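*Asks:* Take a look at data-v8.pdb, PDB, C-alpha atoms and all ligand atoms:
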MODEL        1
ATOM      1  CA  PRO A   1    -150.121 -71.393-114.212
ATOM      2  CA  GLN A   2    -151.908 -71.039-110.869
ATOM      3  CA  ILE A   3    -149.642 -70.194-107.964
ATOM      4  CA  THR A   4    -150.618 -70.859-104.385
ATOM      5  CA  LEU A   5    -149.081 -68.817-101.627
ATOM      6  CA  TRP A   6    -147.897 -71.289 -99.024
ATOM      7  CA  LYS A   7    -144.354 -70.387-100.189
ATOM      8  CA  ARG A   8    -142.976 -67.137-101.637
ATOM      9  CA  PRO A   9    -144.121 -66.774-105.243
ATOM     10  CA  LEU A  10    -140.656 -66.738-106.825
ATOM     11  CA  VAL A  11    -140.076 -67.128-110.553
ATOM     12  CA  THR A  12    -137.122 -66.915-112.866
ATOM     13  CA  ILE A  13    -136.718 -63.728-114.933
ATOM     14  CA  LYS A  14    -134.296 -62.981-117.758
ATOM     15  CA  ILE A  15    -132.996 -59.459-118.021
ATOM     16  CA  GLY A  16    -129.904 -58.329-119.885
ATOM     17  CA  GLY A  17    -129.216 -61.951-120.809
ATOM     18  CA  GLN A  18    -128.920 -63.045-117.180
ATOM     19  CA  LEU A  19    -131.231 -65.342-115.230
ATOM     20  CA  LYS A  20    -132.352 -64.094-111.839
ATOM     21  CA  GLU A  21    -134.971 -64.869-109.199
ATOM     22  CA  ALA A  22    -137.822 -62.451-108.566
ATOM     23  CA  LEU A  23    -140.916 -62.175-106.438
ATOM     24  CA  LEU A  24    -144.432 -61.755-107.970
ATOM     25  CA  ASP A  25    -145.547 -58.902-105.777
ATOM     26  CA  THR A  26    -149.128 -57.582-105.970
ATOM     27  CA  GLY A  27    -148.279 -55.090-103.237
ATOM     28  CA  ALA A  28    -145.644 -53.331-105.358
ATOM     29  CA  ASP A  29    -146.781 -50.745-107.874
ATOM     30  CA  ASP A  30    -143.357 -50.789-109.489
ATOM     31  CA  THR A  31    -140.785 -53.436-110.496
ATOM     32  CA  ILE A  32    -137.505 -53.037-108.637
ATOM     33  CA  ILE A  33    -134.314 -54.964-109.354
ATOM     34  CA  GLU A  34    -131.040 -55.179-107.455
ATOM     35  CA  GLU A  35    -128.094 -53.210-108.725
ATOM     36  CA  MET A  36    -126.937 -54.076-112.232
ATOM     37  CA  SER A  37    -126.105 -52.402-115.545
ATOM     38  CA  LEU A  38    -128.983 -51.702-117.906
ATOM     39  CA  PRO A  39    -128.779 -49.795-121.213
ATOM     40  CA  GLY A  40    -129.893 -46.189-121.794
ATOM     41  CA  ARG A  41    -130.347 -43.025-119.787
ATOM     42  CA  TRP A  42    -131.944 -43.232-116.353
ATOM     43  CA  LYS A  43    -134.126 -40.812-114.432
ATOM     44  CA  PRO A  44    -134.329 -40.326-110.681
ATOM     45  CA  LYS A  45    -137.136 -41.670-108.522
ATOM     46  CA  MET A  46    -137.940 -42.007-104.822
ATOM     47  CA  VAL A  47    -139.627 -45.172-103.672
ATOM     48  CA  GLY A  48    -141.321 -45.571-100.308
ATOM     49  CA  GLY A  49    -141.471 -48.942 -98.625
ATOM     50  CA  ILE A  50    -142.178 -50.393 -95.197
ATOM     51  CA  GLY A  51    -139.090 -48.863 -93.556
ATOM     52  CA  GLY A  52    -138.618 -45.620 -95.422
ATOM     53  CA  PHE A  53    -137.568 -44.218 -98.755
ATOM     54  CA  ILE A  54    -134.748 -45.273-101.050
ATOM     55  CA  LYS A  55    -133.446 -43.597-104.190
ATOM     56  CA  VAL A  56    -133.544 -45.631-107.369
ATOM     57  CA  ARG A  57    -132.618 -45.294-111.040
ATOM     58  CA  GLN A  58    -135.540 -45.531-113.432
ATOM     59  CA  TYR A  59    -135.027 -47.244-116.790
ATOM     60  CA  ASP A  60    -137.796 -47.387-119.378
ATOM     61  CA  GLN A  61    -138.704 -49.747-122.215
ATOM     62  CA  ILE A  62    -136.625 -52.582-120.716
ATOM     63  CA  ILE A  63    -137.218 -56.059-122.116
ATOM     64  CA  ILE A  64    -137.741 -58.723-119.506
ATOM     65  CA  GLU A  65    -138.976 -62.321-119.597
ATOM     66  CA  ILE A  66    -140.997 -63.381-116.567
ATOM     67  CA  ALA A  67    -141.545 -67.117-116.184
ATOM     68  CA  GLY A  68    -141.477 -67.469-119.973
ATOM     69  CA  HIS A  69    -143.598 -64.358-120.598
ATOM     70  CA  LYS A  70    -142.200 -61.303-122.449
ATOM     71  CA  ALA A  71    -142.794 -57.824-121.023
ATOM     72  CA  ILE A  72    -141.422 -54.415-121.989
ATOM     73  CA  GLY A  73    -141.650 -51.627-119.457
ATOM     74  CA  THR A  74    -140.202 -49.595-116.636
ATOM     75  CA  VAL A  75    -137.711 -51.151-114.283
ATOM     76  CA  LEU A  76    -136.301 -49.479-111.191
ATOM     77  CA  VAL A  77    -132.783 -50.306-110.040
ATOM     78  CA  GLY A  78    -131.790 -49.864-106.413
ATOM     79  CA  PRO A  79    -130.892 -51.364-102.996
ATOM     80  CA  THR A  80    -133.803 -53.721-102.644
ATOM     81  CA  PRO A  81    -133.528 -56.853-100.473
ATOM     82  CA  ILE A  82    -134.913 -58.915-103.319
ATOM     83  CA  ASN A  83    -135.921 -58.565-106.958
ATOM     84  CA  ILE A  84    -139.592 -57.568-107.162
ATOM     85  CA  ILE A  85    -142.026 -57.817-110.078
ATOM     86  CA  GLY A  86    -144.710 -55.204-109.488
ATOM     87  CA  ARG A  87    -148.078 -54.413-110.982
ATOM     88  CA  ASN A  88    -146.657 -52.527-113.940
ATOM     89  CA  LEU A  89    -145.291 -55.805-115.357
ATOM     90  CA  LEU A  90    -147.795 -58.207-113.761
ATOM     91  CA  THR A  91    -150.499 -56.535-115.873
ATOM     92  CA  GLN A  92    -148.477 -57.182-119.040
ATOM     93  CA  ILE A  93    -148.316 -60.923-118.363
ATOM     94  CA  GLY A  94    -152.003 -61.004-117.516
ATOM     95  CA  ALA A  95    -151.700 -61.881-113.863
ATOM     96  CA  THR A  96    -154.708 -61.797-111.532
ATOM     97  CA  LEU A  97    -155.535 -62.551-107.899
ATOM     98  CA  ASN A  98    -158.356 -65.059-107.394
ATOM     99  CA  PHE A  99    -160.244 -66.394-104.368
TER     100      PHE A  99
ATOM    101  CA  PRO B   1    -163.721 -62.897-107.146
ATOM    102  CA  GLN B   2    -161.027 -62.350-109.776
ATOM    103  CA  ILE B   3    -158.991 -59.193-109.165
ATOM    104  CA  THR B   4    -157.097 -57.386-111.935
ATOM    105  CA  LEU B   5    -153.984 -55.431-111.133
ATOM    106  CA  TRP B   6    -154.525 -52.184-113.064
ATOM    107  CA  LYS B   7    -155.013 -50.567-109.640
ATOM    108  CA  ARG B   8    -153.889 -51.534-106.149
ATOM    109  CA  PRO B   9    -155.784 -54.591-104.897
ATOM    110  CA  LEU B  10    -157.419 -53.043-101.842
ATOM    111  CA  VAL B  11    -160.175 -54.835 -99.934
ATOM    112  CA  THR B  12    -162.261 -54.205 -96.845
ATOM    113  CA  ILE B  13    -161.265 -56.087 -93.719
ATOM    114  CA  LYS B  14    -162.732 -56.297 -90.229
ATOM    115  CA  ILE B  15    -160.341 -56.731 -87.350
ATOM    116  CA  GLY B  16    -160.702 -56.037 -83.678
ATOM    117  CA  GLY B  17    -164.210 -54.807 -84.352
ATOM    118  CA  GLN B  18    -162.975 -52.071 -86.691
ATOM    119  CA  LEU B  19    -163.490 -51.785 -90.468
ATOM    120  CA  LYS B  20    -160.342 -51.021 -92.469
ATOM    121  CA  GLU B  21    -158.960 -50.978 -96.003
ATOM    122  CA  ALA B  22    -156.050 -53.348 -96.772
ATOM    123  CA  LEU B  23    -153.752 -54.386 -99.605
ATOM    124  CA  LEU B  24    -153.734 -58.052-100.791
ATOM    125  CA  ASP B  25    -149.995 -58.429-100.942
ATOM    126  CA  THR B  26    -148.349 -61.549-102.370
ATOM    127  CA  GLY B  27    -144.872 -60.163-101.659
ATOM    128  CA  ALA B  28    -145.569 -59.934 -97.923
ATOM    129  CA  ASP B  29    -144.792 -63.017 -95.821
ATOM    130  CA  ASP B  30    -146.888 -61.704 -92.923
ATOM    131  CA  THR B  31    -149.814 -59.426 -92.301
ATOM    132  CA  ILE B  32    -148.990 -55.997 -90.916
ATOM    133  CA  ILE B  33    -151.647 -53.593 -89.664
ATOM    134  CA  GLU B  34    -151.396 -49.948 -88.623
ATOM    135  CA  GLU B  35    -151.140 -49.030 -84.940
ATOM    136  CA  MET B  36    -154.170 -50.257 -83.087
ATOM    137  CA  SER B  37    -155.171 -52.032 -79.920
ATOM    138  CA  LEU B  38    -155.669 -55.780 -79.927
ATOM    139  CA  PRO B  39    -156.292 -58.038 -76.968
ATOM    140  CA  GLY B  40    -153.735 -60.545 -75.858
ATOM    141  CA  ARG B  41    -150.061 -60.833 -75.116
ATOM    142  CA  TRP B  42    -147.615 -59.823 -77.820
ATOM    143  CA  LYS B  43    -143.965 -60.199 -78.671
ATOM    144  CA  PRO B  44    -141.641 -57.624 -80.159
ATOM    145  CA  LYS B  45    -140.275 -58.318 -83.616
ATOM    146  CA  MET B  46    -138.353 -56.520 -86.329
ATOM    147  CA  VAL B  47    -139.640 -56.683 -89.912
ATOM    148  CA  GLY B  48    -137.506 -55.544 -92.824
ATOM    149  CA  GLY B  49    -138.367 -54.405 -96.320
ATOM    150  CA  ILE B  50    -137.561 -51.605 -98.719
ATOM    151  CA  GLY B  51    -136.028 -48.785 -96.751
ATOM    152  CA  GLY B  52    -135.010 -50.820 -93.712
ATOM    153  CA  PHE B  53    -136.617 -52.380 -90.644
ATOM    154  CA  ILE B  54    -139.439 -51.301 -88.339
ATOM    155  CA  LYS B  55    -140.332 -52.521 -84.861
ATOM    156  CA  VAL B  56    -143.707 -54.159 -84.521
ATOM    157  CA  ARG B  57    -145.800 -56.053 -82.014
ATOM    158  CA  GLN B  58    -146.608 -59.648 -82.916
ATOM    159  CA  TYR B  59    -150.072 -60.908 -81.951
ATOM    160  CA  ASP B  60    -151.009 -64.557 -82.427
ATOM    161  CA  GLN B  61    -154.302 -66.296 -83.197
ATOM    162  CA  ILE B  62    -156.094 -63.117 -84.319
ATOM    163  CA  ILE B  63    -159.330 -63.361 -86.306
ATOM    164  CA  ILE B  64    -159.719 -61.228 -89.434
ATOM    165  CA  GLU B  65    -162.512 -61.092 -91.986
ATOM    166  CA  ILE B  66    -161.012 -60.481 -95.434
ATOM    167  CA  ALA B  67    -163.599 -59.491 -98.031
ATOM    168  CA  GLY B  68    -166.178 -61.483 -96.078
ATOM    169  CA  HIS B  69    -163.865 -64.455 -95.528
ATOM    170  CA  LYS B  70    -162.980 -65.543 -92.018
ATOM    171  CA  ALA B  71    -159.335 -66.298 -91.280
ATOM    172  CA  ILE B  72    -157.032 -66.702 -88.313
ATOM    173  CA  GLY B  73    -153.329 -66.135 -87.884
ATOM    174  CA  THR B  74    -150.485 -63.980 -86.688
ATOM    175  CA  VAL B  75    -150.915 -60.249 -87.120
ATOM    176  CA  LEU B  76    -148.146 -57.671 -86.771
ATOM    177  CA  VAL B  77    -148.996 -54.195 -85.506
ATOM    178  CA  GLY B  78    -146.705 -51.271 -86.192
ATOM    179  CA  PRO B  79    -145.960 -48.032 -88.083
ATOM    180  CA  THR B  80    -146.668 -49.368 -91.552
ATOM    181  CA  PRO B  81    -147.816 -46.727 -94.090
ATOM    182  CA  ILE B  82    -150.627 -49.043 -95.203
ATOM    183  CA  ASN B  83    -152.497 -52.146 -93.954
ATOM    184  CA  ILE B  84    -151.087 -55.257 -95.600
ATOM    185  CA  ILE B  85    -152.624 -58.715 -95.849
ATOM    186  CA  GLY B  86    -149.725 -61.125 -96.271
ATOM    187  CA  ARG B  87    -149.380 -64.728 -97.399
ATOM    188  CA  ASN B  88    -150.063 -66.103 -93.932
ATOM    189  CA  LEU B  89    -153.695 -65.027 -94.276
ATOM    190  CA  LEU B  90    -154.059 -65.113 -98.113
ATOM    191  CA  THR B  91    -153.527 -68.890 -97.970
ATOM    192  CA  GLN B  92    -156.411 -69.260 -95.533
ATOM    193  CA  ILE B  93    -158.909 -67.672 -97.920
ATOM    194  CA  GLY B  94    -157.610 -69.727-100.830
ATOM    195  CA  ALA B  95    -156.017 -66.894-102.775
ATOM    196  CA  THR B  96    -153.921 -67.743-105.838
ATOM    197  CA  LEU B  97    -151.964 -65.847-108.462
ATOM    198  CA  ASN B  98    -152.986 -66.766-111.999
ATOM    199  CA  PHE B  99    -151.489 -66.029-115.421
TER     200      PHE B  99
HETATM  201  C1  LIG C   1    -140.121 -55.754-100.215
HETATM  202  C2  LIG C   1    -140.964 -57.027-100.200
HETATM  203  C3  LIG C   1    -140.035 -58.219-100.145
HETATM  204  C4  LIG C   1    -141.851 -57.040 -98.933
HETATM  205  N1  LIG C   1    -142.707 -55.871 -98.704
HETATM  206  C5  LIG C   1    -144.064 -56.086 -99.238
HETATM  207  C6  LIG C   1    -144.278 -55.317-100.540
HETATM  208  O1  LIG C   1    -145.380 -55.855-101.251
HETATM  209  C7  LIG C   1    -144.428 -53.795-100.266
HETATM  210  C8  LIG C   1    -145.740 -53.337 -99.532
HETATM  211  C9  LIG C   1    -145.910 -51.968 -99.265
HETATM  212  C10 LIG C   1    -146.830 -51.184-100.070
HETATM  213  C11 LIG C   1    -146.990 -49.781 -99.820
HETATM  214  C12 LIG C   1    -146.231 -49.154 -98.777
HETATM  215  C13 LIG C   1    -145.315 -49.928 -97.973
HETATM  216  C14 LIG C   1    -145.154 -51.338 -98.220
HETATM  217  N2  LIG C   1    -144.215 -52.970-101.433
HETATM  218  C15 LIG C   1    -143.203 -52.192-101.754
HETATM  219  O2  LIG C   1    -142.225 -52.084-100.992
HETATM  220  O3  LIG C   1    -143.308 -51.549-102.935
HETATM  221  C16 LIG C   1    -142.479 -50.449-103.287
HETATM  222  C17 LIG C   1    -142.055 -50.589-104.733
HETATM  223  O4  LIG C   1    -143.278 -50.328-105.449
HETATM  224  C18 LIG C   1    -143.821 -49.153-104.826
HETATM  225  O5  LIG C   1    -145.277 -49.183-104.726
HETATM  226  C19 LIG C   1    -145.587 -49.635-103.385
HETATM  227  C20 LIG C   1    -144.520 -48.970-102.550
HETATM  228  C21 LIG C   1    -143.274 -49.133-103.407
HETATM  229  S1  LIG C   1    -142.776 -55.285 -97.138
HETATM  230  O6  LIG C   1    -143.839 -54.200 -97.020
HETATM  231  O7  LIG C   1    -141.428 -54.674 -96.798
HETATM  232  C22 LIG C   1    -143.134 -56.535 -95.955
HETATM  233  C23 LIG C   1    -142.074 -57.198 -95.247
HETATM  234  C24 LIG C   1    -142.415 -58.210 -94.294
HETATM  235  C25 LIG C   1    -143.806 -58.519 -94.064
HETATM  236  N3  LIG C   1    -144.140 -59.466 -93.173
HETATM  237  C26 LIG C   1    -144.831 -57.858 -94.769
HETATM  238  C27 LIG C   1    -144.485 -56.861 -95.717
ENDMDL
END
Would you write the structure of this file as structure tokens?
*Replies:*
Amino acid sequence: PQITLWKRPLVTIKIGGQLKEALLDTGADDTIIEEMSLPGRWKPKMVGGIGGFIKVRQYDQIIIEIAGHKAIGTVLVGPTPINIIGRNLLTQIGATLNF
Amino acid sequence: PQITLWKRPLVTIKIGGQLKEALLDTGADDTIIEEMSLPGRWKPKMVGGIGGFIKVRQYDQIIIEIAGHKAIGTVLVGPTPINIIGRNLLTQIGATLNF
């Protein structure tokens, strides 16, 4: 589809069998999801945003469906104000910015 | 132009007579620029994101040239780690997310 930006570009994602809302975020290098249980071992990571750094748990090879598109990659889990789909997964679904 | 997301989508902008590099950021509601001087009255505001909130100065009706495209809108000035072009100005240049 072709999404305009007059409103927040929110889509529905499915992760761990649950439906959630997430933001298509070209400004995020990484995909960050609010606290939840994901399978496997996690690794530590520090993520810097607009108001400082937060510590997150990094999970790899996670399966996630984004607006009907399947992606398999790294997902960070931490205290984010909203679920964010970053470039690492946007590239897998073939997203581009056009103007 | 059609921008891929393998790397950060950085473009050249001209604001307040100065040339700067900025991120085309679909996850940002508003445009936030690093500390600089702009003419006009301004209002204080608090913007929140990952890591917490920061205090900024809100300037209205500011003219920015994004990748050679003229646009006008609110610009926030504050201690952001990078210059961000948000949805308020992406809409003006006709930017869309496609996949
Ligand atoms: C958290 C989102 C809802 C909003 N953020 C925009 C977002 O695109 C930022 C924009 C951004 C980009 C770089 C530095 C600071 C902020 N990215 C970000 O926080 O990404 C983090 C996770 O991936 C990592 O790679 C980028 C930093 C990490 S935001 O910077 O806090 C923001 C909030 C309000 C406005 N008006 C404009 C921007």
*Asks:* Looking at A:39, A:51, A:73, A:94, which one is nearest to ligand LIG 1 (chain C), with distances taken over all atoms listed in the file?
*Replies:*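 Using all atoms listed in the file, ligand LIG 1 (chain C) sits closest to A:51.
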*Asks:* Since chain A and chain B share a sequence, can you fit the second onto the first over all C-alpha atoms in order and output it as a short mmCIF file (atom, residue, chain, number, x, y, z; two decimals) with C-alpha atoms, keeping the file's coordinate frame?
*Replies:*
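What landed in out.cif:
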data_model
loop_
_atom_site.label_atom_id
_atom_site.label_comp_id
_atom_site.auth_asym_id
_atom_site.auth_seq_id
_atom_site.Cartn_x
_atom_site.Cartn_y
_atom_site.Cartn_z
CA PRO B 1 -149.91 -71.62 -114.10
CA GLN B 2 -151.81 -71.28 -110.82
CA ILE B 3 -149.56 -70.30 -107.91
CA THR B 4 -150.46 -71.02 -104.28
CA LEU B 5 -149.20 -68.77 -101.54
CA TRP B 6 -147.97 -71.26 -98.92
CA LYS B 7 -144.47 -70.10 -99.89
CA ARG B 8 -143.15 -66.93 -101.49
CA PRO B 9 -144.14 -66.73 -105.16
CA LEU B 10 -140.67 -66.64 -106.70
CA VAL B 11 -140.13 -67.09 -110.43
CA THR B 12 -137.21 -67.05 -112.83
CA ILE B 13 -136.77 -63.92 -114.90
CA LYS B 14 -134.33 -62.93 -117.64
CA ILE B 15 -133.30 -59.31 -117.83
CA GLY B 16 -130.33 -57.64 -119.41
CA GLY B 17 -129.11 -61.05 -120.48
CA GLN B 18 -128.90 -62.28 -116.89
CA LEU B 19 -131.04 -64.96 -115.19
CA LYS B 20 -132.47 -63.97 -111.80
CA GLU B 21 -135.04 -65.00 -109.21
CA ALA B 22 -137.90 -62.56 -108.51
CA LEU B 23 -141.00 -62.17 -106.36
CA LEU B 24 -144.44 -61.77 -108.04
CA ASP B 25 -145.64 -58.92 -105.90
CA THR B 26 -149.20 -57.59 -106.13
CA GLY B 27 -148.49 -54.95 -103.47
CA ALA B 28 -145.74 -53.36 -105.58
CA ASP B 29 -146.79 -50.64 -108.03
CA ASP B 30 -143.49 -50.92 -109.92
CA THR B 31 -140.79 -53.44 -110.61
CA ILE B 32 -137.57 -53.01 -108.66
CA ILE B 33 -134.43 -55.00 -109.41
CA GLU B 34 -131.15 -55.27 -107.50
CA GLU B 35 -128.15 -53.20 -108.57
CA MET B 36 -127.17 -54.05 -112.10
CA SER B 37 -126.19 -52.43 -115.35
CA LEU B 38 -128.81 -51.72 -117.98
CA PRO B 39 -128.40 -49.80 -121.20
CA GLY B 40 -130.06 -46.48 -121.72
CA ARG B 41 -130.59 -43.18 -120.00
CA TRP B 42 -132.15 -43.20 -116.55
CA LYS B 43 -133.78 -40.83 -114.13
CA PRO B 44 -133.38 -40.69 -110.37
CA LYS B 45 -136.43 -41.47 -108.28
CA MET B 46 -137.30 -42.13 -104.66
CA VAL B 47 -139.47 -45.15 -103.81
CA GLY B 48 -141.00 -45.57 -100.38
CA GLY B 49 -142.25 -48.60 -98.50
CA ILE B 50 -141.95 -50.21 -95.10
CA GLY B 51 -138.96 -48.73 -93.37
CA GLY B 52 -138.69 -45.58 -95.48
CA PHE B 53 -137.48 -44.55 -98.93
CA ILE B 54 -134.57 -45.66 -101.12
CA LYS B 55 -133.01 -43.94 -104.12
CA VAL B 56 -133.24 -45.82 -107.38
CA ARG B 57 -132.53 -45.39 -111.06
CA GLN B 58 -135.55 -45.47 -113.34
CA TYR B 59 -135.09 -47.16 -116.73
CA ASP B 60 -137.85 -47.07 -119.33
CA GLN B 61 -138.89 -49.51 -122.07
CA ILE B 62 -136.91 -52.45 -120.65
CA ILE B 63 -137.67 -55.99 -121.83
CA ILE B 64 -138.07 -58.74 -119.22
CA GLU B 65 -139.01 -62.38 -119.62
CA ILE B 66 -141.14 -63.44 -116.64
CA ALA B 67 -141.54 -67.20 -116.35
CA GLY B 68 -141.15 -67.43 -120.12
CA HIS B 69 -143.47 -64.49 -120.81
CA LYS B 70 -142.17 -61.45 -122.65
CA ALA B 71 -143.04 -58.04 -121.23
CA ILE B 72 -141.91 -54.44 -121.51
CA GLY B 73 -142.03 -51.55 -119.09
CA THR B 74 -140.31 -49.34 -116.58
CA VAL B 75 -137.78 -51.01 -114.32
CA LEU B 76 -136.28 -49.46 -111.19
CA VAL B 77 -132.74 -50.39 -110.17
CA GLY B 78 -131.56 -49.91 -106.62
CA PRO B 79 -130.60 -51.40 -103.23
CA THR B 80 -133.67 -53.57 -102.81
CA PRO B 81 -133.14 -56.70 -100.64
CA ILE B 82 -134.94 -58.80 -103.27
CA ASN B 83 -135.97 -58.57 -106.95
CA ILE B 84 -139.62 -57.55 -107.21
CA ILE B 85 -141.96 -57.85 -110.18
CA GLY B 86 -144.62 -55.19 -109.68
CA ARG B 87 -148.05 -54.53 -111.15
CA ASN B 88 -146.65 -52.62 -114.11
CA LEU B 89 -145.30 -55.89 -115.51
CA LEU B 90 -147.77 -58.38 -113.92
CA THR B 91 -150.55 -56.79 -116.01
CA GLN B 92 -148.60 -57.44 -119.20
CA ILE B 93 -148.45 -61.19 -118.59
CA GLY B 94 -152.12 -61.30 -117.65
CA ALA B 95 -151.67 -62.06 -113.96
CA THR B 96 -154.74 -62.02 -111.71
CA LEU B 97 -155.49 -62.62 -108.05
CA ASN B 98 -158.23 -65.19 -107.53
CA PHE B 99 -160.25 -66.27 -104.49
#
*Asks:* Using Å and a single decimal, report how far CA of residue 14 (chain B) sits from atom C27 of ligand LIG 1 (chain C).
*Replies:*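 Interatomic distance, atom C27 of ligand LIG 1 (chain C) to CA of residue 14 (chain B): 19.1 Å.
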*Asks:* The PyMOL selection byres (((chain B and resi 20-26) around 9) and not hetatm) - which residues does that actually catch in the file I just gave you? List them as a PyMOL selection string.
*Replies:* (chain A and resi 5+8-9+23-28+97) or (chain B and resi 8-15+18-19+27-29+31+33+66+82-87+90+97)
*Asks:* Using C-alpha atoms, can you write the selected residues to a file as a PDB file, in the frame of the given file?
*Replies:*
ATOM      1  CA  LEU A   5    -149.081 -68.817-101.627  1.00  0.00           C
ATOM      2  CA  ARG A   8    -142.976 -67.137-101.637  1.00  0.00           C
ATOM      3  CA  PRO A   9    -144.121 -66.774-105.243  1.00  0.00           C
ATOM      4  CA  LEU A  23    -140.916 -62.175-106.438  1.00  0.00           C
ATOM      5  CA  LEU A  24    -144.432 -61.755-107.970  1.00  0.00           C
ATOM      6  CA  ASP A  25    -145.547 -58.902-105.777  1.00  0.00           C
ATOM      7  CA  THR A  26    -149.128 -57.582-105.970  1.00  0.00           C
ATOM      8  CA  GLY A  27    -148.279 -55.090-103.237  1.00  0.00           C
ATOM      9  CA  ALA A  28    -145.644 -53.331-105.358  1.00  0.00           C
ATOM     10  CA  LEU A  97    -155.535 -62.551-107.899  1.00  0.00           C
TER      11      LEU A  97
ATOM     12  CA  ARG B   8    -153.889 -51.534-106.149  1.00  0.00           C
ATOM     13  CA  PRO B   9    -155.784 -54.591-104.897  1.00  0.00           C
ATOM     14  CA  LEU B  10    -157.419 -53.043-101.842  1.00  0.00           C
ATOM     15  CA  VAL B  11    -160.175 -54.835 -99.934  1.00  0.00           C
ATOM     16  CA  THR B  12    -162.261 -54.205 -96.845  1.00  0.00           C
ATOM     17  CA  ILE B  13    -161.265 -56.087 -93.719  1.00  0.00           C
ATOM     18  CA  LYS B  14    -162.732 -56.297 -90.229  1.00  0.00           C
ATOM     19  CA  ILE B  15    -160.341 -56.731 -87.350  1.00  0.00           C
ATOM     20  CA  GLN B  18    -162.975 -52.071 -86.691  1.00  0.00           C
ATOM     21  CA  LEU B  19    -163.490 -51.785 -90.468  1.00  0.00           C
ATOM     22  CA  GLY B  27    -144.872 -60.163-101.659  1.00  0.00           C
ATOM     23  CA  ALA B  28    -145.569 -59.934 -97.923  1.00  0.00           C
ATOM     24  CA  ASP B  29    -144.792 -63.017 -95.821  1.00  0.00           C
ATOM     25  CA  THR B  31    -149.814 -59.426 -92.301  1.00  0.00           C
ATOM     26  CA  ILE B  33    -151.647 -53.593 -89.664  1.00  0.00           C
ATOM     27  CA  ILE B  66    -161.012 -60.481 -95.434  1.00  0.00           C
ATOM     28  CA  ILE B  82    -150.627 -49.043 -95.203  1.00  0.00           C
ATOM     29  CA  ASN B  83    -152.497 -52.146 -93.954  1.00  0.00           C
ATOM     30  CA  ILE B  84    -151.087 -55.257 -95.600  1.00  0.00           C
ATOM     31  CA  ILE B  85    -152.624 -58.715 -95.849  1.00  0.00           C
ATOM     32  CA  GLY B  86    -149.725 -61.125 -96.271  1.00  0.00           C
ATOM     33  CA  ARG B  87    -149.380 -64.728 -97.399  1.00  0.00           C
ATOM     34  CA  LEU B  90    -154.059 -65.113 -98.113  1.00  0.00           C
ATOM     35  CA  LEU B  97    -151.964 -65.847-108.462  1.00  0.00           C
TER      36      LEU B  97
END
*Asks:* Return as JSON the centre and edge lengths, in Å with one decimal, of the box along x, y and z that encloses every atom of ligand LIG 1 (chain C) in the file, padded by 8 Å per side.
*Replies:*
{"center_x": -143.5, "center_y": -54.2, "center_z": -99.3, "size_x": 23.0, "size_y": 26.5, "size_z": 28.3}
*Asks:* To one decimal place in Å, what is the distance between CA of residue 91 (chain B) and atom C11 of ligand LIG 1 (chain C)?
*Replies:*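 These atoms are spaced 20.3 Å apart.
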*Asks:* Care to translate the PyMOL selection byres (((chain B and resi 75) around 12) and not hetatm) into actual residues of this file, as a ChimeraX atom specification?
*Replies:* /B:15-16,29-40,42-45,56-64,71-74,76-78,83-89
*Asks:* Find, counting all atoms listed in the file, the residue in B:70, B:93, B:99, B:48 that gets nearest to ligand LIG 1 (chain C).
*Replies:*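 Of the candidates, the smallest distance to ligand LIG 1 (chain C) is held by B:48.
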*Asks:* Go through B:79, B:68, B:17, B:52 one by one, measure the shortest atom-to-atom distance of each to chain A using all atoms listed in the file, and give the residue with the smallest value.
*Replies:*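 Of the candidates, the smallest distance to chain A is held by B:52.
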*Asks:* Could you please determine the separation between atom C3 of ligand LIG 1 (chain C) and CA of residue 80 (chain A) in Å, to one decimal place?
*Replies:* 8.1 Å
*Asks:* Of the candidates A:92, A:54, A:69, A:47, which shows the shortest atom-to-atom distance to ligand LIG 1 (chain C), using all atoms listed in the file?
*Replies:*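 Selected residue with least distance to ligand LIG 1 (chain C): A:47.
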*Asks:* For ligand LIG 1 (chain C), which of A:95, A:2, A:53, A:7 is the closest residue, counting all atoms listed in the file?
*Replies:*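 Closest candidate: A:53.
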*Asks:* Check the smallest atom-to-atom distance from each of B:81, B:96, B:67, B:46 to ligand LIG 1 (chain C) using only C-alpha atoms and all ligand atoms, then report the winner.
*Replies:*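 Looking at the shortest contact to ligand LIG 1 (chain C), the residue is B:81.
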